[PDB]
Each structure stands twice: as C-alpha cells, then as structure tokens.
Amino acid sequence: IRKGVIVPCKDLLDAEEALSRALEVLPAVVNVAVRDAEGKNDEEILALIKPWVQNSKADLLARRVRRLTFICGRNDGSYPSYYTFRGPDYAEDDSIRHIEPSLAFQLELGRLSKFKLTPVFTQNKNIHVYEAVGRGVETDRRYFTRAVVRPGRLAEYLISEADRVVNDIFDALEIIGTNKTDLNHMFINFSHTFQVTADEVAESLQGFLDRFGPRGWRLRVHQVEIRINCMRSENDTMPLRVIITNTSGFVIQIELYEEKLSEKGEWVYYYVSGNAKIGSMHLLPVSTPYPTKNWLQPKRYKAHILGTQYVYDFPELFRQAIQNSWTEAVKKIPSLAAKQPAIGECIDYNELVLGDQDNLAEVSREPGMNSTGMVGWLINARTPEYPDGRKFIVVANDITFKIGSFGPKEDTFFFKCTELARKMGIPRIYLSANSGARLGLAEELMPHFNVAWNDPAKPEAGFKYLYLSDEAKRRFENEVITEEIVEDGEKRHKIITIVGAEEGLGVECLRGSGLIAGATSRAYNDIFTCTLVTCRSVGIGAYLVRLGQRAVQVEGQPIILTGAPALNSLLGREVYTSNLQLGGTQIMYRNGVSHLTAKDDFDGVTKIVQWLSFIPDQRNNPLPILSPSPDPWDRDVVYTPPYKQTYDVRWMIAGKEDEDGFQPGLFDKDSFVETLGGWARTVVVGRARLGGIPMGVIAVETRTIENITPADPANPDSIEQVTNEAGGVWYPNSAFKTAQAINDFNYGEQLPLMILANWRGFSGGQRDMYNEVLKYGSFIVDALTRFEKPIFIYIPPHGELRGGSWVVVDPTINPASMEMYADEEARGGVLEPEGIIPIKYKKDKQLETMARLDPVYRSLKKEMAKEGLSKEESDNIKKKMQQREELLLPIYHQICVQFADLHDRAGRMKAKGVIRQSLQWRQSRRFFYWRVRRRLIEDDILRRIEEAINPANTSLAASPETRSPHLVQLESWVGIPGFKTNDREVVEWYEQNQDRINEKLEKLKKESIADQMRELXXXXXXXXXXXX
C-alpha cells in the first residue's frame, strides 16, 4: 500500500535531518512541513531543497517512494507553497506547485497533452497559468489558466465567489499580458457539493459573463469551463460541466453537459444544453487533449502520401460538388436559382458514432478524434433536384488508423450504418481505402513462451513442442489453452492453442467481415448502394465494392484481392510488378466491376452526386423530375440514324454534334451519363432525362467493336487476343451487361427503363456457346421479371428484333410493368428475310413463281409440255431455259427477300397485337414524355388502390391497357373517353383532381377495414373478445 508520511519541521536546514533519518521507517508517498514563514523564497528555495534530493538520490530510490511534497505554512493566511519530486531520479515536476497532489487530478492538465508546457508566476497561489505552444507547429501560442476553488466560510455565495476568482484570473492575464495568443482558456474547478441546480445558475451565468466578456475579449480569451456539482437530483450529485465560447464576437455558446459514465469505462460529456443540440463535443471522454492548431496536418500528410484525402476532408468535398451542382444548373435554368443556399449551408452533416447500447448517435464534434478505423455521417444536402433537402449516409475508413484495416469494431460500425441507411430509405455511400481484415499475433506471449527441444545442446535437432513456465502460465491462462505434461521432471504447460487478450488478430475479423459482406448484399436490393475506390481497396474491402455493386474507381487506386508481392511469392518468380497490374482501372473498368473512372478523389464525389441527382431522395419517393427547362418536351427528334452505314448509337440518345449546327437526340441535351463503357461496348448503358423525367437507358452499338483481352504474365506462353464483337449482336459479356444494368435501375435506383432494342439475336458460335452465352441470356429474363417501375421496349428506325433477341425482351415477361413499341420503319421477325428464304422460299418455289411472272420462262415451258421433239430438239429448250433462269436468279432472289421483308414490317406487328403502337421517331420524345409520366402517376395510384383495398399476366392477351384489374375502377372515377390512349389528358386530370382521388381512397380504406373486422365456435370467440 502507498504509505503516507507527514513531518512538521521547524527550519529548512534542520529539515535534512528529518529526511535521511525519517526514511529509515520504510521497508509510497512522503510530505515535509516547515515553520519559517519569514520570506516568500523562490528559485533560492528551489536551490535550498535540491541539495537534499541530489545527495539522497539513492536513499529515496531504495525505499521505492514515488512522490515527495514540501508544505510551507505562512502566518498571514497565504496558501502554503508545495514542491513535489517524482519518478526515478526525482527531477521535480514544475506542473504541480503551490497545490497538493490530490488537487492535481482536480487541476486536470492531462488535457494539455499536445503542448510544451511552461508555467508562469501568479500573485494568487490558487490560480496557475501556463504557456502552451503546439508540439509540432510553432504558429500556435496560447495561455491556459487552471484554477481550483475550495471554501473558508462556514447561498448566492458561489456567484459572488465566481466574480472574485474570474477577476483574479483577468487581473493576472493582464500583468502577463495578452502578448501574441491565438486562443485562451481558463478552467475553474469546484470542490463543492452545493445544494442548488444548474437551471437557475444558467440564468445567473448570463448575468456576469456580459460584464467580464468585453475584458475577456481583449485578453484574446476564447472559452471558459466551470465544473460544479448539484447534490439535489435522492440527494446524489449531478456534476454539471459548462463550456462558454466566444465564437463570432458574441458568445451565444453556452453548452450545458452532464458527467456520466458511457458504460464503456470512460466518463463522457452528455449534454442537456440550450444552444439547440447543434453545437460541439458530445459523448466524448473527459480526457480529450484540447487539440492544437494544424494537429490534423500530420494525419493529412500521411493520407496524402498514399494518394487519398484524409477522411475528415471528404464532407467539404461533398459541399463543393453540390456548390458546383448549383452553379451549373443556374446557367442552364436561369431565374429559378433563387433557392441557392449560398457557399455554406449547401450540406448539413453530423458525425455518427456508436452509442451506449451500440446504437448509432448523431454527434457534431471536432474533425478527427475517431475512436475506430471507420467514420460515418448523415448528410442533408440541398441538391437543385431537392432544394429543401435530401439525406444520405457516407461511410469511410481512416487509412491512417491502422492502415484502414477491418477489425470487429470497424465492422460493427459499418454494419450499424448500412442498417440505418436501410431503416431511413436514404442511399448509402462507401468511400473505400482499406487493407482488408486485421492481422495479428499475441505480443504478450512472445517474450514469455519456452521451447522444448529433442536435444537441448543442439537445438537444430528439432523441437518437440512449445510450452509455458508455471509462473508465466498463471499470468495468462485465459490468453492460452495449455495442457500439462511432465518432461525432465518439470511442470511444463505445453501450448496447445493461443488465444490472446487483444481483439482483431484472426477469425474475429473474418466473422465481422462476413457480417458486413452480407449486410451490403441485402442493402443493395433495398436502398441505393454506391462505393468509391479513393485508395487501395483490398480483401473484404474489395468485396464490399462488388456487393455495393455501383462502383467508382479513382485511376491510380486498385481493387486488389491478393497482394501483388503475395502472388509473386506463390509463383516463386517476379511475375506481377504493381498492385494496379491486377487491381487497377485497366482491369475493373474493362471487366465491369467499375462503372466509372474518376481522375481524382473530388472527380469521384462529383460523379456520385451526379447519380444521386437521378435517384429519388428516399426509398418509395417520386423521381427527381424538373420543369422541361433546358430541353423542352414539345420538340421533335432531329437526329435520325442511317440505313446504309453504321452510327454511334449515343447520337440517338443525347444528340449528334455536327459541322453545321447540332441535331438533338430523344433525351435532354447532354443529360446522358454512360456507365461501364469499358466492358462489353456492344451495349450502351446509362442514365438520362426526358423532358425532366429521369430514366434508365439501354441501347445497342451498331459498329463492330473490338475488345482486346490482355496477355497473362503468369503464363509466358500467353498473348493478347484480338476479338471483334460485331455490332447489334448479343455476346456473353453484352448479355451480362444488359442484365446487370436492369437490376441496377431496379433495386434502390427505382428508375423507368427505355430499351432501344436493335439486337438481331445471340452469338451461337462455338466459342461463345462454351463461354455460357445461354447462362447470361437467362439472366436478362430473370432480371426483367423482378422489375416494378415501367419498362419501354422501343425498336428504333432501322432497328431489328429477330428470334433469340425478341424472346428475352418481350412484354409478356413482366406484363404489369413492360410496354412495347416499334418504329414505323423498324423490322422484327423470327428470322432475317435473308435467312427465311432458303427454308420457306427454296430454288424450286422461286422457279414456280418464275414460270408465272417471267413471260420468256413460261413460254419455253409450253415447248417441253407439247412433246413432238427429238433428243437433239429437247436439248435446245433445256439449254435455252437453263441460261434464262441463270440470269434472272439474282433479281428473283431479291424479290423473295423483299417479299419476306413485307412480313417483318411494323404493320404486321400491330395487326397481330405484339406492340401497342407504331411510332414515328420524329415525335418519340413527345409521345414518351406523356406516356412515362402517365404510367408513373397511374402505377402509384394503382399501388395506393391496392394498399387501401388489400393490406396484404395470365395470357398472350395481357397488354398494359389491362396490366391491373383496378384499371377498370380508376377508368370510371376519371371519366375521360380516350382513357387507355390520350396520355396528356389523363396526367393533367390527376394533377387537377389530386383531392378527389384521396377522397375515393379514404372511402375504400374504411370499406376494406369493415371487411377485416367482419372476417375476425367463432361467434363464441367474438363474444369473448367483446367481453374483453
């Protein structure tokens, strides 16, 4: 136990004899008092106590006594002076002076850890001022004041006491001077258990701070901390710590906290303040080290040498991406820019940190100070699409915090974030910069474990096992699983399994990794999911990129699974030279793991805030539609594709740039955003807007694209393979791209789909067949049946939809949400007109029609039929016809081709009812604007009808005009004659009679509630339920 020593000497010289002889009662802490209040000795009293300690440097050391105090009682009421020597050599800590060690704890100081401290002279022994300069950067220079109060009087005592103590601090800061100080702080600790409560003390707080405030502003004082107690709650204390900061020339910052244990073993800052909970510092330890200026700079640099922004710099990257989002929209849409919220107030974020019962809590604290290798925020961004506000979650790893590795704490956090984004419906964005899961060994068992050899003299003769000494075995026991086996007559505890105290070494990390891997897989299908490769995303991190589906890769950041050197070691030779040689953009964007490639960390954010513009703010919320604004809805589609040559299909979607002017596409000018344009370029996937209505687009590339698969370095006998993916055909990769895109616009994104169908089938070739073309063909069908929002399959001019292709895109796949249209000059059959001709219109069938239309051939036929001509005569008719038919054959072939093409024509399609309407490409925009809008408002009204009615397809005939059995009831409530058609008239009706539908829904809701009540021996049960 720490033995207490107290000795009251009479003199300074005679005090030495009560040291060397008083230490003899020690087989700890020692105090020495004096009776010479003659002079207020300083420095010379320090040169009068140092000779007694440097001489007995081994005397105090041997007894193992830690602290040595020197109290000096003054006869005028003066607070006695105390001097303490601590440690091995007892160097005398200048920090604890003129105050008892018990008071040290009360003085704090463990909060000025990130500072070089040098104290200064104080006229009042109670107050202590310190010069503080940031350990790293010298630009920071501050004066911290530390005062502790304890009474001498046997109600409004404390408020009058406060005036005396703060005036004393102000008068001392005056003599030391304001000098050159960036910030100044003062702490006033109260030892008192006063019976009163902070609510009245806050009213009185306001009173004296406005008087002292002006003076405090001059000294350059930024904040003051008062630490009082309130015994009336039980009559158990409520320690109320209060911080008052002078931010903006006027205080207006009174943060009223409460000292409570977080359950985790730390005392935290739980505030019940009056600055409207949107302030600083909440559920933070009392041990926070008052950070310096530029304290973020070392961490910033560490992230920047890895080529990534420091994690806490990302919220401001998002503010500027939104800032840019308005500056560009005010250009395109002038006037309607009045809702711009300035440079600040763009976004309104709040940190997320694991709560008391591990339930995420919204905190607004200092950047940095992250307890775990992961951080999150709930951001309310005022986008021009949702100018009132829109929320989303942003999760990211701290690449400085243990190279950003995934430990169990990091996992539980990431999870509880995904869990929240789901619970709110708001999208989730992950900023990846990690090092997979955490590795680790038990460090404590490294300098303690023993080895049992076969031969102790020559250890190279193999070792039997590894054991632990009995004294070192009792030290752990729960950190190691040991078996006892006596060898050489020793109690040897052989290590049979190592556990280790510390977490995050092995399997505990894999378990958590698996949890979040599944959580991300689940989330993708519910809320909008997105990832960003801001830096190397390895192992589990690499998978959350794929489970997160929608990924953006910064050019020089790899999505690696197994380390580039780890692979070289496995092969035994230096095959791979870079982590990007197998993880980089040239792999992931070129195989479709990456949807977009961004030049830098900000370019990434920018591109993300771009997808979020297309996506509804919540889960089941209406799309971010705007006024027609740049490209009006009432404009005709100018670019029309040629029938001769090939065309960049992109020109049909947004528009073609030309020498003379610009011919627009069917979507809004430059609203198209192509994704996965590095993988299976035979299909163009992207998002675009149609008169303000955002929607998903899939189109077919007509030009013969060539993907060149790279050479494998692992096999020196591997060369790059030149493969030409001929345009307008479906290949394993193209099919996969299509299918993926569909599910991506389906889950979370919730977008209507536009499919400019132009494929002439599937790749039936041996190589493509073996490459599972059939597997990925199915994936399109599977994906289409899962969809909910409207899908429009529109065959464009020149566009084809032959056999294999048509089957996997037909509206009877999902009749409830699909709608098929075909262009007036489009074609669609079972086979190409060049392909049917050698099956239904063979050589013999063409000659029967030749001996019908051609006059020469049927006249020569009349010669053979009449007979009466010899062997040399019949040869003439044969050599006359088999010359005529030889020259007619090429044009007669083309006749059947045109004949067969008249079957494949659009008209036939409407006649057999496989399409709704024939469409003129010129006015496609004008038609789809009102058909997309009509379907979107109607789909929801029907969804609402069903939700009111039931609180819980069948034929080739199924056409969208009957997609729901309620479209008959809604038809009669509306009253429009041309209901199935006149899309514009319908939309405008709903908009006007918004109140009449909600009138009819409530009528139906009360009617459906009456059915459920009635559906609920049975009579006896009901009687009993009535009695209850």
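Multiply the residue separation of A714 and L570 by 0.36 nm, subtract the distance between their alpha-carbon atoms, and state the gained length in nm to one decimal.
Answer, rounded to one decimal: 50.7 nm.
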Practice item. Work out from phi, with θ = phi - 60° and the Karplus expression 6.51 cos²θ - 1.76 cosθ + 1.60, the ³J(HN,Hα) of each residue of region 44-61, listed in order in whole Hz, and give x for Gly and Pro. Key: 7, 7, 7, 9, 10, 10, 5, x, 6, 8, 6, 6, 9, 6, 10, 6, 6, 5
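At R0 = 25 Å, how high is the FRET efficiency between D526 and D603 if r is their beta carbon distance? Nearest 0.05 is fine. Provide the component values of the computation, followed by the final result.
Numbers: r = 28 Å, r/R0 = 1.13.
Efficiency computed from Cβ-Cβ geometry: 0.30.
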Revision key, fill the gap. Compactness summary of region 1-133: radius of gyration and Dmax from Cα atoms, Å, are 15.1, 44
Point to revise | Simple spin-label estimate for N41 and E484 in nanometres, 7 Å along Cα-Cβ | key: 6.3 nm
Point to revise | region 476-546 - percent relative contact order, Cα under 8 Å, separation 6 or more | key: 22 percent
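For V148, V25, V897, which order do you get if you count the other beta carbons within 10 Å of each Cβ and list the fewest first? Let's see the in-between values first.
Details: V148 22, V25 9, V897 15.
The order, fewest Cβ neighbours first, is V25, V897, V148.
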Check your understanding: Among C230, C509, what is the fewest-to-most ranking by other Cβ atoms within 10 Å?
Key -> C230, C509
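Translational diffusion coefficient, Stokes-Einstein: compute it for region 99-286 using the Kirkwood radius over C-alpha pairs as Rh, at 37 °C and 0.692 mPa s, and state it as an integer in µm² s⁻¹. Please report the intermediate quantities before stating the final value.
Details: Rh = 17.5 Å.
Stokes-Einstein gives a translational diffusion coefficient of 188 µm²/s.
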Exercise for review: Enumerate the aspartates and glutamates that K293 could reach by cross-link, defined here as Cα to Cα under 17 Å, with residues fewer than 8 away along the same chain left out.
Suggested key: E131, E138, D140, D182, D313, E366
Study note, to complete from the structure: Given backbone amide H placed at 1.01 Å from N, residues whose amide H is under 5 Å from that of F762, ignoring those fewer than 5 places away on the same chain, are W730, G804, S805
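Beyond 24 Å between alpha-carbons counts as too far, so tell me which of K264/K402; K845/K879; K737/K912; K114/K299; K843/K878; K299/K423 fall in that bin.
Checking Cα-Cα distances, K737/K912; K299/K423 exceed 24 Å.
Starting from the coordinates of the alpha-carbon atoms of region 1-60, obtain the Kirkwood hydrodynamic radius over all distinct pairs and give the value in Å to one decimal. List each step's numbers first, then the result.
Working: mean 1/r = 0.0792 Å⁻¹.
Roughly 12.6 Å, rounded to one decimal.
With +1 on the Cβ of every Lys and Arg and -1 on the Cβ of every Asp and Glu, and nothing else charged, how large is the dipole of the chain about its Cα centre, in debye rounded to the nearest 20?
2180 debye
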Review point. What are the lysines whose alpha-carbon lies under 19 Å from the alpha-carbon of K910, with same-chain residues fewer than 8 places away excluded?
Key: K980
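Within 10 Å of each residue's Cβ, count the other Cβ atoms and sort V166, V552, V968, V133 from fewest upward. Don't skip to the answer; put the middle values down first.
Working: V166 22, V552 28, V968 9, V133 16.
Fewest-to-most Cβ neighbours within 10 Å comes out as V968, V133, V166, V552.
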Review point. HN-Hα J couplings of region 262-271 from phi, Karplus 6.51/-1.76/1.60, θ = phi - 60°, integer Hz, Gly and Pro as x?
Key: 6, 5, 7, x, 10, 9, 10, 8, 8, 9
Point to revise | Per residue Cα convex hull volume in Å³ - calculated over region 653-739 | key: 128 Å³
Revision key, fill the gap. For region 927-1015, the Debye formula with one identical point scatterer on each Cα and no solvent gives log10 I(q)/I(0) at q = 0.13, 0.22 Å⁻¹ as -0.48, -1.16
**Study point:** Kirkwood hydrodynamic radius over Cα pairs of region 188-281, then Stokes diffusion coefficient at 20 °C and 1.002 mPa s, in µm²/s
**Key:** 149 µm²/s
Exercise for review: Find how much the distance from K332 to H448 grows on full extension, using 0.36 nm per residue of separation minus their present alpha carbon separation; answer in nm with one decimal.
Suggested key: 34.6 nm
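Determine the equivalent ellipsoid of the chain by diagonalising the alpha-carbon gyration tensor, then write out the semi-axes as square roots of 5 times the eigenvalues, largest first, rounded to whole Å. Walk me through the intermediate numbers first.
Values: eigenvalues 1271, 292, 152 Å².
They are 80, 38, 28 Å, listed from largest to smallest.
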**Study point:** Calculated P(r) of region 443-498 - Cα pairs past 19 Å, %
**Key:** 26 percent
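As an exercise, identify the trypsin sites (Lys or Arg not before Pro) in region 29-107 lying in DSSP coil whose Cβ has no more than 11 other Cβ atoms within 10 Å.
On the way: sites: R35, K40, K57, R63, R64, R66, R67, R74, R86, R97; in loops: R35, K40, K57, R63, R64, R66, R74.
Within region 29-107, the qualifying trypsin sites (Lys or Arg not before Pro) (loop, at most 11 other Cβ atoms within 10 Å) are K40, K57, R64.
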Study note, to complete from the structure: Semi-axes in Å, largest first, for region 877-980 (Cα gyration tensor, √(5λ)) are 52, 16, 10
Practice item. Name the residue farthest towards the positive end of the dipole of the chain from the options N229, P732, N950, assuming +1 on Cβ of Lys and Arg, -1 on Cβ of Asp and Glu, about the Cα centre. Key: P732
Study note, to complete from the structure: Karplus ³J(HN,Hα) for region 815-820 (6.51 cos²θ - 1.76 cosθ + 1.60, θ = phi - 60°; Hz, whole; x = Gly/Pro) runs x, 4, 10, 8, 8, 10
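Calculate, for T288 and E961, the FRET efficiency according to 1/(1 + (r/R0)^6) with r their C-beta to C-beta distance and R0 60 Å; round to the nearest 0.05.
On the way: r = 66 Å, r/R0 = 1.11.
Taking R0 as 60 Å, the efficiency between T288 and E961 is 0.35.
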Point to revise | For region 513-622: span of alpha carbons on each principal axis (Å, largest first) | key: 57, 32, 20
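Please state the equivalent ellipsoid semi-axes for region 833-904: what are the square roots of 5 times the Cα gyration tensor eigenvalues, largest first, in whole Å? Kindly include the intermediate steps, with their values, before the conclusion.
Numbers: eigenvalues 169, 22, 19 Å².
In descending order, the three semi-axes are 29, 10, 10 Å.
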Check your understanding: Taking the Cα centre of the chain as the origin and placing charges on Cβ (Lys, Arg +1; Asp, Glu -1), which of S964, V5, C509 is farthest toward the positive end of the dipole?
Key -> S964
Review point. Using a basic spin-label model with each label point 7 Å from the Cα along Cα→Cβ, how many nm lie between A1010 and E863?
Key: 9.2 nm
Practice item. Compute the convex hull volume of the Cα atoms of region 369-484, divide it by the residue count, and report the result per residue in Å³ as a whole number. Key: 175 Å³
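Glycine also receives a Cβ, built like all others from the backbone with ideal geometry; neighbour counts cover every protein chain displayed. We did not get these values from a lab; they are worked out from the coordinates using the rules stated.
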